[PDB]
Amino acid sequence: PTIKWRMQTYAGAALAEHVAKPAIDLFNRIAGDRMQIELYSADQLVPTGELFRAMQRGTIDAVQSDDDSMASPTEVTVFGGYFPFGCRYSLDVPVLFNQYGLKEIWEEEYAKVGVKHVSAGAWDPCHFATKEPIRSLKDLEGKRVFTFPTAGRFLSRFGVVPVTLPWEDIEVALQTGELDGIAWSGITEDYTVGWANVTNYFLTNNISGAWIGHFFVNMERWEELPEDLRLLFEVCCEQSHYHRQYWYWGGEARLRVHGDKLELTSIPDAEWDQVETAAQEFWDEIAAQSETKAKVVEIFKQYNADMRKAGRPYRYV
């Protein structure tokens, strides 16, 4: 009766407005006095590095986040966030989860550690936005960029310096100067949250077509929920995912074409091919670490092979 939840999202305040608040506001309107979810933004109740354990322990009831930034202690953590070159398209994320087995794997992994994986979804592609233009691979060398831990470990091979700072602190460090840029998002977020005002260039070669994140709930709180509220929560979370699917699909194209705050640059395809090749090596290193990681890597490899065989509009030649 009149359940009180607190949810903390990975998103900063200006971003939470678009990626979590609408669905939480809708849930609250529908649920009324039965249940209310208070939404907190990046690092607000607890820092990122404490977020997973805060939810596990029950201090925070729910989380919207990728696995990677919060360093969940699971075998699938390295696949959340921006797994290099994993998904070309945002719709690949719900398909992988619902049709190629990733939902059952995430559920088992998180249940082991006292957490309910409610649902996964796609967000945006991962692009470099920077103060200085990137026109070759060597231009990546030395760059301090805000990114995710696993994508950052991959990017380090090209001389990139992956920096993690709290999200709310980024804008200024771009304006100057502990950061040279960002590899945390695509162009829709860049314009929306103000990062485009303090960077100058946008590299069109992404290192992922779609971020993977999720809604999680403390398992005890999850099993306490009445059926009707559990279903309501699940449906509002899917609505949140659906909204992001079209928000990003529309935003990336429109802002690339009509945005005047970032100048587009590109690295030639022949040159960028080295990055893609390196990512396959990186996948193999991950697969070697455990049987679960090997299983997931094989699913990504198989899926991408099947896209090539399916052809248009999944893949073109």
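Numbers follow the displayed sequence, beginning with 1.
Engineer: Using only the Cα atoms and their B-factors as the entry lists them, report which of 157 to 165 and 201 to 209 averages higher.
Structural biologist: It is 157 to 165 that shows the higher mean C-alpha B-factor.
Engineer: If you average the CA temperature factors as listed in the entry, which stretch comes out higher, 218 to 226 or 92 to 100?
Structural biologist: Comparing 92 to 100 with 218 to 226, the higher average CA B-factor belongs to 218 to 226.
Engineer: Whose CA atom has the top B-factor in the entry, of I187, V78, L174, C237?
Structural biologist: Among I187, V78, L174, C237, the PDB entry lists the largest C-alpha B-factor for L174.
Engineer: Just grab whichever of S65, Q280, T48, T265 has the top CA B-factor as deposited.
Structural biologist: Answer for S65, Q280, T48, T265: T265, with the highest C-alpha B-factor.
Engineer: Please place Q245 in the lowest, middle or highest third of its chain according to the CA B-factor in the PDB entry.
Structural biologist: Answer is lowest: the recorded C-alpha B-factor places it there.
Engineer: Sorting the chain's modelled residues by C-alpha B-factor, tell me whether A196 ends up in the lowest, middle or highest third.
Structural biologist: Middle third, going by the recorded CA B-factors of the chain.
Engineer: Could you tell me which third, lowest, middle or highest, the C-alpha B-factor of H127 occupies within its chain?
Structural biologist: Lowest third - that is where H127 ends up once the chain's C-alpha B-factors are sorted.
Engineer: Compared with the other modelled residues in the chain, in which third is the CA B-factor of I134?
Structural biologist: It falls in the top third of the chain.
Engineer: Can you tell me whether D61 has a C-alpha B-factor in the lowest, middle or highest third compared with the other modelled residues of the same chain?
Structural biologist: It belongs to the middle third of the chain when residues are ordered by C-alpha B-factor.
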